[PDB]
Structures are given as C-alpha cells and as structure tokens.
Amino acid sequence: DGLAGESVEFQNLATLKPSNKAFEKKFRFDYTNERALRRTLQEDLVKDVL
Amino acid sequence: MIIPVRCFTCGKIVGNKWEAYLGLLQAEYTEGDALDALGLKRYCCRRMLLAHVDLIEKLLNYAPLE
Amino acid sequence: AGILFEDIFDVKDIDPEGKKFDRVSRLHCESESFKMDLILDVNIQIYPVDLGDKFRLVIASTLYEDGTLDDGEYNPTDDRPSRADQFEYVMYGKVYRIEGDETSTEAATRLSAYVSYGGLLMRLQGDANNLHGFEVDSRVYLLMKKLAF
Amino acid sequence: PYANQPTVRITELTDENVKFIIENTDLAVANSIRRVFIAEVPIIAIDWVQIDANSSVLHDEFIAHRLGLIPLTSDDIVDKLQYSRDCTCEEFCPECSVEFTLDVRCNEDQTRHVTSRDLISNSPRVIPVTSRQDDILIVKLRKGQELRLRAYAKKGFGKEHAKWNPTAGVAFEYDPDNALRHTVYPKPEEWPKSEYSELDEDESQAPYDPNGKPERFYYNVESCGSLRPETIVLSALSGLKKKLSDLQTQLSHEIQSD
Amino acid sequence: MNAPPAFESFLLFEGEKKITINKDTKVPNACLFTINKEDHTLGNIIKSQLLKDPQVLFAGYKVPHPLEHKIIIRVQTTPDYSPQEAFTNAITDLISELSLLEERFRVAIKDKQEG
Ligand SMILES: [Zn+2]
Ligand SMILES: [Zn+2]
C-alpha cells in the first residue's frame with residue numbers, strides 16, 4: 001500500500017457481512033418517504049431531492 | 001560485632017544496656033521479661049538485644065601481645 | 001428562570017443489584033405528577049436517604065434567580081443570591097446523551113436524559129414534553145431538598 | 001481571616017518523656033511541630049574526632065562513629081554556643097565548641113570496658129549521660145592495646161545528621177476513634193482500641209462526622225537523655241518561630257526591593 | 001563519591017535568594033512564591049493558614065524534586081487583596097499563634113511541677 005506502520009489503526013467494515021435485506025435499508029437512502037426526509041433533511045432540501 | 005549506641009529505627013540509646021541485659025538474663029530473668037524490665041516498650045528497639053551478635057569476643061581472642 | 005425541570009419524587013428502592021461502592025448507591029425513585037423514572041446517585045455518606053422519603057428535585061441551568069448563565073468555575077466569594085440557599089444537596093454535571101423512542105416518521109413520545117455529575121449518573125426517563133430544556137453538551141444542576149412531610 | 005487559640009494540657013510529666021495534648025489547632029501545624037521535634041532541634045554532639053593512637057581491633061573510623069552517637073546534656077549550653085559554621089575565629093574555640101579527651105590503655109590482665117565515663121570534658125555541664133544505669137560502652141580493650149584521642153563537640157540539628165536527634169520516638173496521634181474516616185477499616189471489629197480512645201468496648205468505632213475538623217492531637221515526646229522533653233518542645237517552638245520571622249523579614253525585603 | 005553534604009539542605013549558597021516572587025500571567029492576582037533550602041515544614045503550615053483566610057481563592061505548594069531543596073507556593077486571592085499581604089498576614093498571625101502556644105505550654109509545665 002505504501003503507508004507507514006505507525007499511523008494505522010484497527011477499524012471495521014460496515015458494509016462487510018450484512019444481510020441482503022439490512023444492507024438495502026442502511027445504504028440506499030430511500031427518496032420516496034417524504035416524512036423521513038423532513039425528519040432528517042430540512043424543508044428546502046426535501047423538495048429538491050424529490 | 002559490638003552493641004550499637006542507638007536503635008536504628010527509633011534512636012533510643014541501647015548501647016548502655018547490653019551488659020545489664022546479660023546480667024538480668026544471668027540472674028533468673030528471661031528475655032521476655034528482661035526487655036521490659038530494662039525499659040524497652042517499642043518492639044523496634046527490642047531487636048538490638050535479641051538480634052545482636054557479640055563477635056567482639058572472638059576478635060579479642062586474637063590478642064596482639066601477651 | 002432557567003428551571004429545566006421541577007417535580008416531587010419519592011424513593012422506592014435502593015441498590016437493587018446490591019450496593020457496589022461504599023459512598024454511592026442507586027436511587028430508583030418515581031415521580032408523583034409527571035410519572036417519570038429516576039436513577040439518581042447521591043452520596044449516601046454525607047447525605048443519607050432512606051426509603052419512602054420525598055424530595056423536591058429541580059434541574060436548573062443556573063443557580064441565580066435572574067439567570068445570568070455563569071461561565072462555570074468555583075468562586076466562593078460571591079454575595080449574589082443563589083437558589084442553593086433552600087436546598088440541602090446540590091450537584092453540578094453535564095448531560096451527555098438524550099435517548100428517546102424516536103422512529104423514522106413520527107417524533108418521539110418518551111425521552112431519557114443521561115447526565116453525569118463528574119461520575120454520579122442519573123437517568124430522568126419519561127415523556128418527551130417536559131424534557132424540552134435538555135440538550136446534549138450542556139451544564140445543569142440538581143437542587144434537591146428532602147421533604148419533612 | 002486569622003488563626004486560632006490552641007490549648008495545652010500535660011497528662012504525664014516525668015524526666016524521661018512528656019505526654020501533652022494540643023487542642024484547637026490545624027493538622028498541618030501539629031505535623032510540622034512533630035517534624036521540628038525530630039529534625040530541627042539544636043543540641044550538642046561530637047562532630048570532630050582527632051585520633052592519635054588506636055590499637056583496638058575495630059576500624060579507625062568505628063571509634064569516631066560510636067563517639068558521634070553518644071548523647072551530651074545541653075540543658076543550658078546549647079542556647080549559649082553558636083554554630084561552628086558562623087563562628088568568627090579559627091580552631092574550635094570553647095565559646096563555640098566543647099573539648100573532649102579519652103586516654104585509656106588496658107594494663108591489667110582483665111579486659112577493659114571503655115565507656116562514655118572515660119570522656120573527660122573540659123566543661124563541667126557538658127558531660128555524657130552519667131550524672132544520675134550503666135554507661136554507653138564505646139569499645140573493649142585487651143592487655144596490650146590502647147585508645148588515645150581528643151574530640152570537639154558542636155551544635156547541630158537532626159536535619160544535618162542523626163547524631164543531633166534528641167527525641168527517641170514521637171508518638172503522634174489524633175482522633176483515636178475513627179470519626180473523620182481518614183482511615184477505612186475493612187473489619188473494624190478486628191482492630192484493638194487506641195490508648196486514648198474514649199469509646200466503650202461495645203461499639204468498634206465512632207459514627208461518621210461530616211462537619212468535623214481534626215483536633216486534640218496527642219504527643220509522647222521521649223527524650224534520649226540529652227535534652228529534657230519540655231525543653232525539647234520549647235526549643236523546637238522557638239526555632240519554628242525564628243524560622244517564620246526570618247522568612248517574614250526576607251519576604252518584606254523582597255517586596256520593598258521590587 | 002558524589003553524595004552531597006549535609007549543610008546544603010538548610011544553608012543558603014552565595015547568590016541564592018531565600019525567597020523570590022514571580023507573578024503569573026494566566027489569571028489575575030496570582031503569584032508563585034519560590035522558597036529555597038526548605039521542606040514541607042515551612043510550607044504546609046503556610047498553606048493551611050492561607051486556606052483559613054476566605055479571601056484567598058487558591059493556595060497550595062509542591063516540591064519540584066525531593067533531592068533538590070526548593071518549594072513553590074502558588075497563591076491567588078481576590079482582585080482587591082494582593083497575595084503579598086496575604087502571605088505577610090499568614091506568617092504574622094502564625095507567629096502569634098505559635099508564641100501563644102509556647103506561653104500556654106510553659107505555664108502548664110510550670111504549674112504541673114508541684115501543683
Ligand atoms: Zn527500636
Ligand atoms: Zn569560635
């Protein structure tokens with residue numbers, strides 16, 4: 001890789017070993033449920049993403 | 001080799017008590033009563049009369065002259 | 001004002017998984033009007049408490065009546081009025097987690113304020129209506145007084 | 001914003017030790033007074049030995065070591081003499097030192113016991129502890145050996161060396177009943193009761209006391225024989241007062257200089 | 001071979017000051033008093049006496065290194081009360097208390113003998 005061994009730390013891969021169903025409901029960003037978008041994004045973004 | 005002058009831990013003078021300790025052990029008294037008959041209450045000063053070895057006698061056996 | 005919360009509680013159980021430490025214990029208290037849980041940890045040594053006792057807990061953001069939002073530091077030499085004059089047990093901490101029963105569509109109905117007073121924890125679990133004054137990373141007080149009744 | 005009015009009460013006054021109690025004072029003052037009792041107490045002791053002929057079996061330095069630990073009574077001499085370092089002359093002047101001499105040679109057949117009694121001092125009041133009980137044995141000589149020397153004594157304090165440590169052991173103790181919880185006993189029933197404990201034999205320790213300060217500090221200053229115990233206490237307090245005064249003077253000079 | 005002597009614990013060296021005042025820059029009205037050739041005997045009593053004074057916001061000493069003979073005392077008082085006068089008052093009244101303790105102990109001793 002070309003990296004020094006000092007600045008490396010243990011981590012985890014979220015997208016490694018999900019289930020097919022859970023992987024779809026965690027990394028897809030459903031753009032149909034406008035209520036969730038209003039809860040998460042602001043009003044001036046839900047209309048833009050829809 | 002010789003009795004110290006003072007107890008290492010406390011500092012009470014114990015040098016002037018070896019001969020008296022020997023005499024009290026000599027007459028009839030035993031150690032457990034001799035130590036408090038001499039006036040040693042703390043246990044730190046009691047090792048000076050119990051743990052001490054009297055090696056000066058062997059050294060004096062090698063008289064230089066006569 | 002700065003009164004983030006005010007309600008009467010009463011103690012019903014003390015260290016129910018067994019007392020771990022020697023100066024702190026769990027106080028699984030309950031409310032009387034708002035019907036909310038309480039897991040306060042008081043210093044049982046200096047401020048003993050027994051079961052059945054009632055106290056007036058008031059989470060306040062500041063100790064001053066006028067609410068000047070003190071910076072936060074020990075300044076004993078202060079002649080200004082302090083709300084702690086009518087309380088037998090005052091503490092100072094910083095809420096760090098506000099958990100609730102949120103979902104993806106409809107807002108939460110019950111929150112849970114987790115505040116740590118430098119080591120002594122408390123969970124003020126209950127409805128999501130009276131906990132509007134709690135925000136993560138904010139200093140708060142305790143201001144309890146045992147009721148003689 | 002001021003200090004307190006401590007009280008004193010002596011419980012046992014003897015010629016070997018004193019047991020007094022100090023009430024209404026801070027712990028720091030008590031501990032400092034103890035450490036001054038042990039370290040910073042002026043007292044005369046042997047610190048310069050000139051050995052001319054030592055035919056004994058022990059080392060040449062052993063004689064000086066033992067002579068350094070022999071106590072010397074300084075009831076009214078330590079306050080008069082001045083530290084040899086601050087002297088304004090040459091050689092150990094009698095105004096700032098005390099001379100000693102020892103000349104013993106075993107001539108008869110039996111072995112000699114060179115004790116502190118052989119230390120012939122020039123001054124009458126500066127003598128080893130033999131006035132009013134046997135004497136500190138220095139060394140043992142046999143027929144044919146000898147020990148001639150002369151030493152001088154000076155003023156010093158325990159902080160410099162243990163030879164100037166008048167107190168044998170200070171029994172400092174406060175709050176006999178564990179009321180302030182400064183120590184937590186895992187099993188209080190397994191511990192014995194303090195000598196000064198006022199609680200009955202039923203309860204193991206006194207109950208907790210939130211608003212309580214340490215008071216009633218107990219003392220058992222035990223004199224080795226050189227200085228009297230009450231004399232030790234007075235000298236230590238006077239020295240602490242002098243140190244405080246010198247510190248105040250230095251601080252005042254530093255402030256005015258700025 | 002290089003063990004230090006016994007007089008370097010209390011005796012001042014030529015050029016070395018007994019006490020030095022140094023104002024701190026992090027907070028107002030705070031000075032660090034550095035004492036030379038002393039130990040906990042002369043710092044703990046002053047620390048406690050300062051603690052008694054309510055106008056002293058901060059008070060505490062330390063030992064930078066046990067082999068080295070120096071103590072630093074940091075004092076922080078109210079802005080209307082300099083720490084120099086706080087230190088002076090603490091020393092003065094501590095001296096007064098020690099003198100009174102001496103006098104009481106002496107009269108108690110003189111009464112205890114045959115009385
Ligand atoms: Zn001992
Ligand atoms: Zn001289």
# chains A, B, ... in the order shown; residues from 1 in each chain; ligands from 1
$ residues_near_ligand --ligand "ligand 2" --cutoff "8 Å" --atoms "only C-alpha atoms and all ligand atoms" --output "list in words"
residues 82, 84, 87, 88, 89, 90, 91, 92, 93, 94, 95, 96 and 97 of chain D
$ write_last_selection --atoms "C-alpha atoms" --output "short mmCIF file (atom, residue, chain, number, x, y, z; two decimals), in the first residue's frame"
data_model
loop_
_atom_site.label_atom_id
_atom_site.label_comp_id
_atom_site.auth_asym_id
_atom_site.auth_seq_id
_atom_site.Cartn_x
_atom_site.Cartn_y
_atom_site.Cartn_z
CA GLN D 82 26.97 29.41 68.31
CA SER D 84 30.71 26.49 64.17
CA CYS D 87 31.99 31.38 64.03
CA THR D 88 34.33 34.33 63.51
CA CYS D 89 37.60 32.71 64.58
CA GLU D 90 39.91 29.79 63.82
CA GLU D 91 40.15 26.40 65.55
CA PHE D 92 37.32 25.05 67.71
CA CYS D 93 37.02 27.90 70.20
CA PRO D 94 35.46 26.96 73.57
CA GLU D 95 32.97 29.80 73.04
CA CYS D 96 31.58 27.81 70.08
CA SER D 97 32.61 24.23 70.93
#
$ residues_near_ligand --ligand "ligand 1" --cutoff "12 Å" --atoms "only C-alpha atoms and all ligand atoms" --output "compact mmCIF listing (two decimals) with N, CA and C atoms, in the first residue's frame"
# COMPACT_ATOMS: atom_id res chain seq x y z
N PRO B 4 25.28 -1.57 69.13
CA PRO B 4 25.18 -0.19 68.64
C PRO B 4 24.91 0.77 69.78
N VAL B 5 25.07 2.05 69.49
CA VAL B 5 24.82 3.07 70.50
C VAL B 5 23.34 3.43 70.57
N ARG B 6 22.66 3.47 69.43
CA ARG B 6 21.25 3.81 69.39
C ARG B 6 20.51 2.86 68.46
N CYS B 7 19.21 2.72 68.70
CA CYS B 7 18.37 1.91 67.83
C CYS B 7 18.24 2.56 66.47
N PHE B 8 18.38 1.76 65.41
CA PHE B 8 18.32 2.31 64.05
C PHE B 8 16.97 2.97 63.78
N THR B 9 15.88 2.29 64.14
CA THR B 9 14.56 2.80 63.83
C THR B 9 14.19 3.97 64.73
N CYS B 10 14.14 3.72 66.04
CA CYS B 10 13.76 4.75 66.99
C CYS B 10 14.87 5.78 67.20
N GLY B 11 15.99 5.34 67.75
CA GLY B 11 17.05 6.23 68.18
C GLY B 11 17.34 6.19 69.66
N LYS B 12 16.58 5.44 70.45
CA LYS B 12 16.85 5.34 71.88
C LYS B 12 18.21 4.70 72.12
N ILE B 13 18.91 5.19 73.14
CA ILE B 13 20.22 4.65 73.48
C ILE B 13 20.05 3.23 73.99
N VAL B 14 20.77 2.29 73.38
CA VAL B 14 20.67 0.88 73.72
C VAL B 14 22.07 0.37 74.02
N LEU B 35 13.45 -7.61 78.79
CA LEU B 35 13.36 -6.49 77.85
C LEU B 35 12.51 -5.36 78.41
N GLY B 39 13.28 -1.38 80.16
CA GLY B 39 12.59 -0.17 79.75
C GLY B 39 12.41 -0.05 78.26
N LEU B 40 12.30 -1.17 77.56
CA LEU B 40 12.13 -1.18 76.11
C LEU B 40 10.68 -1.54 75.80
N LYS B 41 9.87 -0.54 75.45
CA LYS B 41 8.47 -0.80 75.16
C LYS B 41 8.24 -1.07 73.67
N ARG B 42 8.73 -0.19 72.80
CA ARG B 42 8.58 -0.42 71.36
C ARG B 42 9.31 -1.69 70.94
N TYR B 43 8.71 -2.41 69.99
CA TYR B 43 9.32 -3.64 69.50
C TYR B 43 10.52 -3.38 68.60
N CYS B 44 10.66 -2.16 68.08
CA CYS B 44 11.78 -1.87 67.18
C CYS B 44 13.11 -1.87 67.93
N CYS B 45 13.12 -1.40 69.17
CA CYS B 45 14.34 -1.38 69.97
C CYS B 45 14.67 -2.73 70.58
N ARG B 46 13.73 -3.67 70.59
CA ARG B 46 13.98 -4.96 71.22
C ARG B 46 14.85 -5.88 70.36
N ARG B 47 14.97 -5.60 69.06
CA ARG B 47 15.85 -6.43 68.24
C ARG B 47 17.31 -6.19 68.58
N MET B 48 17.64 -5.00 69.09
CA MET B 48 19.03 -4.67 69.39
C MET B 48 19.62 -5.60 70.45
N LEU B 49 18.80 -6.09 71.38
CA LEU B 49 19.30 -7.02 72.39
C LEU B 49 19.04 -8.47 72.04
N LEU B 50 18.16 -8.75 71.08
CA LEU B 50 17.85 -10.10 70.66
C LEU B 50 18.61 -10.51 69.40
N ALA B 51 18.64 -9.63 68.40
CA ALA B 51 19.26 -9.95 67.13
C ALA B 51 20.76 -9.72 67.12
N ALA D 168 13.72 10.32 71.03
CA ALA D 168 13.80 8.92 70.63
C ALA D 168 12.70 8.59 69.63
N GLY D 169 11.45 8.68 70.06
CA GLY D 169 10.33 8.49 69.16
C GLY D 169 9.12 9.28 69.59
$ residues_around --residues "residue E:113" --least-positions-apart "5" --cutoff "10 Å" --atoms "only C-alpha atoms" --output "JSON, numbers by chain"
{"D": [13, 14], "E": [108]}
$ write_last_selection --atoms "N, CA and C atoms" --output "mmCIF file, in the first residue's frame"
data_model
loop_
_atom_site.group_PDB
_atom_site.id
_atom_site.type_symbol
_atom_site.label_atom_id
_atom_site.label_comp_id
_atom_site.auth_asym_id
_atom_site.auth_seq_id
_atom_site.Cartn_x
_atom_site.Cartn_y
_atom_site.Cartn_z
ATOM 1 N N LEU D 13 4.097 14.211 83.337
ATOM 2 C CA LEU D 13 5.364 14.934 83.324
ATOM 3 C C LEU D 13 6.393 14.130 84.103
ATOM 4 N N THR D 14 7.392 13.607 83.399
ATOM 5 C CA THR D 14 8.481 12.865 84.016
ATOM 6 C C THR D 14 9.795 13.398 83.464
ATOM 7 N N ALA E 108 1.661 25.771 81.655
ATOM 8 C CA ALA E 108 1.156 24.455 82.028
ATOM 9 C C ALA E 108 2.254 23.598 82.644
#
$ atom_distance --atom1 "atom CA of residue D:147" --atom2 "atom CA of residue D:104"
5.5 Å
$ interface_residues --of "chain C" --to "chain A" --cutoff "12 Å" --atoms "only C-alpha atoms" --output "PyMOL selection string"
chain C and resi 102-108
$ write_last_selection --atoms "N, CA, C and O atoms" --output "short mmCIF file (atom, residue, chain, number, x, y, z; two decimals), in the first residue's frame"
data_model
loop_
_atom_site.label_atom_id
_atom_site.label_comp_id
_atom_site.auth_asym_id
_atom_site.auth_seq_id
_atom_site.Cartn_x
_atom_site.Cartn_y
_atom_site.Cartn_z
N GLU C 102 -37.59 7.50 19.34
CA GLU C 102 -37.82 8.07 18.02
C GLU C 102 -38.01 6.97 16.98
O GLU C 102 -37.58 5.83 17.16
N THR C 103 -38.66 7.33 15.88
CA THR C 103 -38.80 6.45 14.73
C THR C 103 -38.56 7.27 13.46
O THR C 103 -38.29 8.48 13.52
N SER C 104 -38.67 6.62 12.31
CA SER C 104 -38.34 7.28 11.05
C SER C 104 -39.40 8.28 10.60
O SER C 104 -39.08 9.17 9.80
N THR C 105 -40.63 8.16 11.09
CA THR C 105 -41.72 9.01 10.61
C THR C 105 -42.23 9.96 11.69
O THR C 105 -42.25 11.17 11.47
N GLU C 106 -42.64 9.45 12.84
CA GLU C 106 -43.29 10.25 13.87
C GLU C 106 -42.33 10.51 15.02
O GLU C 106 -41.54 9.64 15.40
N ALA C 107 -42.41 11.72 15.58
CA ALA C 107 -41.47 12.17 16.59
C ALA C 107 -41.59 11.33 17.86
O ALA C 107 -42.52 10.54 18.05
N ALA C 108 -40.61 11.50 18.75
CA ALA C 108 -40.57 10.70 19.96
C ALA C 108 -41.67 11.12 20.93
O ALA C 108 -42.15 12.25 20.92
#
$ select_by_dssp --residues "chain B" --states "helix (DSSP H, G or I)" --output "number ranges by chain"
B: 15-27, 31-38, 47-50, 56-61
$ residues_around --residues "stretch 2-13 of chain E" --least-positions-apart "3" --cutoff "9 Å" --atoms "only C-alpha atoms" --output "ChimeraX atom specification"
/D:159-161 /E:16-18,36-39,68-69
$ write_last_selection --atoms "C-alpha atoms" --output "PDB file, in the first residue's frame"
ATOM      1  CA  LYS D 159      18.304  17.567  59.610  1.00  0.00           C
ATOM      2  CA  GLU D 160      22.099  17.506  59.265  1.00  0.00           C
ATOM      3  CA  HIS D 161      22.704  14.100  60.868  1.00  0.00           C
TER       4      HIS D 161
ATOM      5  CA  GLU E  16      20.956  32.258  46.068  1.00  0.00           C
ATOM      6  CA  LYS E  17      17.908  34.140  47.339  1.00  0.00           C
ATOM      7  CA  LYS E  18      15.826  32.892  50.250  1.00  0.00           C
ATOM      8  CA  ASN E  36      14.975  27.991  48.802  1.00  0.00           C
ATOM      9  CA  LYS E  37      16.577  25.433  51.142  1.00  0.00           C
ATOM     10  CA  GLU E  38      13.348  24.409  52.894  1.00  0.00           C
ATOM     11  CA  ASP E  39      10.973  21.457  53.108  1.00  0.00           C
ATOM     12  CA  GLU E  68      16.516  19.346  45.259  1.00  0.00           C
ATOM     13  CA  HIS E  69      15.735  21.736  48.136  1.00  0.00           C
TER      14      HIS E  69
END
$ interface_residues --of "chain E" --to "chain C" --cutoff "12 Å" --atoms "only C-alpha atoms" --output "PDB file with N, CA, C and O atoms, in the first residue's frame"
ATOM      1  N   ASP E  53      -7.913  31.797  55.500  1.00  0.00           N
ATOM      2  CA  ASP E  53      -8.370  33.099  55.024  1.00  0.00           C
ATOM      3  C   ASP E  53      -9.401  32.907  53.916  1.00  0.00           C
ATOM      4  O   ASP E  53      -9.122  32.214  52.931  1.00  0.00           O
ATOM      5  N   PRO E  54     -10.595  33.494  54.038  1.00  0.00           N
ATOM      6  CA  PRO E  54     -11.604  33.327  52.980  1.00  0.00           C
ATOM      7  C   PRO E  54     -11.299  34.103  51.713  1.00  0.00           C
ATOM      8  O   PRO E  54     -11.770  33.710  50.639  1.00  0.00           O
ATOM      9  N   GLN E  55     -10.523  35.183  51.794  1.00  0.00           N
ATOM     10  CA  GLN E  55     -10.234  35.983  50.612  1.00  0.00           C
ATOM     11  C   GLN E  55      -9.230  35.327  49.679  1.00  0.00           C
ATOM     12  O   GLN E  55      -9.013  35.839  48.576  1.00  0.00           O
ATOM     13  N   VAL E  56      -8.614  34.221  50.088  1.00  0.00           N
ATOM     14  CA  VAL E  56      -7.614  33.535  49.273  1.00  0.00           C
ATOM     15  C   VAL E  56      -8.343  32.512  48.410  1.00  0.00           C
ATOM     16  O   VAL E  56      -8.857  31.514  48.920  1.00  0.00           O
ATOM     17  N   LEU E  57      -8.376  32.747  47.099  1.00  0.00           N
ATOM     18  CA  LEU E  57      -9.097  31.823  46.227  1.00  0.00           C
ATOM     19  C   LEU E  57      -8.341  30.522  46.013  1.00  0.00           C
ATOM     20  O   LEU E  57      -8.967  29.468  45.900  1.00  0.00           O
ATOM     21  N   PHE E  58      -7.010  30.573  45.969  1.00  0.00           N
ATOM     22  CA  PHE E  58      -6.178  29.403  45.706  1.00  0.00           C
ATOM     23  C   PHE E  58      -4.958  29.419  46.606  1.00  0.00           C
ATOM     24  O   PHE E  58      -4.347  30.468  46.824  1.00  0.00           O
ATOM     25  N   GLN E  76      -3.493  32.738  45.097  1.00  0.00           N
ATOM     26  CA  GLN E  76      -4.397  33.530  44.269  1.00  0.00           C
ATOM     27  C   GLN E  76      -5.527  34.034  45.150  1.00  0.00           C
ATOM     28  O   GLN E  76      -6.272  33.233  45.721  1.00  0.00           O
ATOM     29  N   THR E  77      -5.648  35.348  45.263  1.00  0.00           N
ATOM     30  CA  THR E  77      -6.651  35.974  46.108  1.00  0.00           C
ATOM     31  C   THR E  77      -7.618  36.791  45.258  1.00  0.00           C
ATOM     32  O   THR E  77      -7.557  36.795  44.026  1.00  0.00           O
ATOM     33  N   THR E  78      -8.524  37.486  45.939  1.00  0.00           N
ATOM     34  CA  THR E  78      -9.466  38.362  45.273  1.00  0.00           C
ATOM     35  C   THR E  78      -8.735  39.562  44.673  1.00  0.00           C
ATOM     36  O   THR E  78      -7.656  39.937  45.137  1.00  0.00           O
ATOM     37  N   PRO E  79      -9.301  40.180  43.633  1.00  0.00           N
ATOM     38  CA  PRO E  79      -8.608  41.306  42.986  1.00  0.00           C
ATOM     39  C   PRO E  79      -8.383  42.500  43.896  1.00  0.00           C
ATOM     40  O   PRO E  79      -7.510  43.325  43.602  1.00  0.00           O
ATOM     41  N   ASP E  80      -9.137  42.626  44.988  1.00  0.00           N
ATOM     42  CA  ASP E  80      -8.965  43.722  45.931  1.00  0.00           C
ATOM     43  C   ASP E  80      -8.072  43.342  47.107  1.00  0.00           C
ATOM     44  O   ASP E  80      -8.112  44.006  48.148  1.00  0.00           O
TER      45      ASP E  80
END
